[PDB]
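> Let me give you the structure first, and then I'll get to my questions.
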Amino acid sequence: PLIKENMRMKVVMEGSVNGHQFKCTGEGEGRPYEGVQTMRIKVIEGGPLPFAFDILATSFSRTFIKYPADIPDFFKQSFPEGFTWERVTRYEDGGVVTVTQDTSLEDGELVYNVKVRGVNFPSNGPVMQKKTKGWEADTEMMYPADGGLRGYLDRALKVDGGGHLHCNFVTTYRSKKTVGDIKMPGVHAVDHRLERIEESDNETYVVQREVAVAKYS
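The structure is reproduced here in structure tokens:
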């Protein structure tokens, strides 16, 4: 298989949030059939970011979901061509993010190119004030939609002081493999748990780890 029990990934991100432009690079590794991955991320342009890195965390990896044998794995079936995704996210206090992503396989390694654009984050809110403390575990509902998948997520960003800032996003995943070559799964869910492992220098260096497991709804 093109997706081995050990896989490395590289990512390049360009983005802007409230007009602040930035660039990130990441590299990491994981076990795609165990649903575990780790990534080391550097803000190489525009740092230190004037907003919480937490809002970028989920734009940095769908090949590393543990799928039971009975649930078709849309993402692992997509190679060698790979897949793309597009995401729209809204925070309850006004922020809106659009993200587009391309996933390819180059010299046996996964390569991600991502574009992030966020607007209307309140200057007094926890994101622009950098008063966030990582994400709670959450669950994505996955639905088949015209040869691809559509995912729905309600999320909770922990805030300093004990509260949560809520957001939700919808993602459409599309294969670059000609339709008709992939067994489509039915409705299912994906449990996610993303933790910040380490960070340095005003959040311009970040290490994160994610565990993701698909299951029946």
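According to the numbering used here, the sequence shown is numbered sequentially starting from 322. Backbone N, C-alpha and C fix where the C-beta goes; we use that ideal spot for every residue, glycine too.
1) Verify whether the separation of the beta carbon atoms of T421 and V440 is less than 9 Å.
2) Considering only the alpha carbon of each residue, which of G403, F374, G356 lies closest to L323?
3) Confirm, please, whether the CB-CB distance from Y412 to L486 is below 9 Å.
4) Can the beta-carbon of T493 be found closer than 9 Å to that of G469?
5) Pull up the CB-CB distance for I362 and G351, whole angstroms please, since I reckon it's below 8 Å.
6) Thinking C-beta only, is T424 closer than 9 Å to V409?
7) In the DSSP assignment, what residue or residues form a beta bridge with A510?
8) What is the DSSP secondary structure of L370, reduced to helix, strand or coil?
9) Tell me, which residues are paired with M360 by DSSP?
10) Note down, in chain order, each residue of its chain lying with its Cβ closer than 8 Å to the Cβ of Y464, except the 5 sequence neighbours on either side.
11) At what residues does the alpha helix (DSSP H) containing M449 begin and finish?
12) Measure from the alpha carbon of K344 to the alpha carbon of each residue in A533, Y526, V534, then state which is nearest.
13) Quick check on DSSP: helix, strand or coil for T384?
14) Quick check on the burial criterion: 16 or more other C-beta atoms within 10 angstroms. Buried or exposed for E457?
15) Taking just the CA atoms, how far does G367 sit from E461?
Answer, in terms of the structure:
1) For the 9 Å CB-CB criterion, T421 and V440 do not form a contact.
2) Per the Cα distances, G403.
3) yes
4) yes
5) Not really, about 14 Å apart at Cβ, beyond 8 Å.
6) no
7) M462, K536
8) coil
9) The partner list for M360 (beta bridge, DSSP) reads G349, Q529.
10) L470, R471, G472, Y473, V508
11) 447 to 450
12) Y526
13) DSSP, reduced to helix, strand and coil, places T384 within a helical segment of the structure shown.
14) exposed
15) 31 Å
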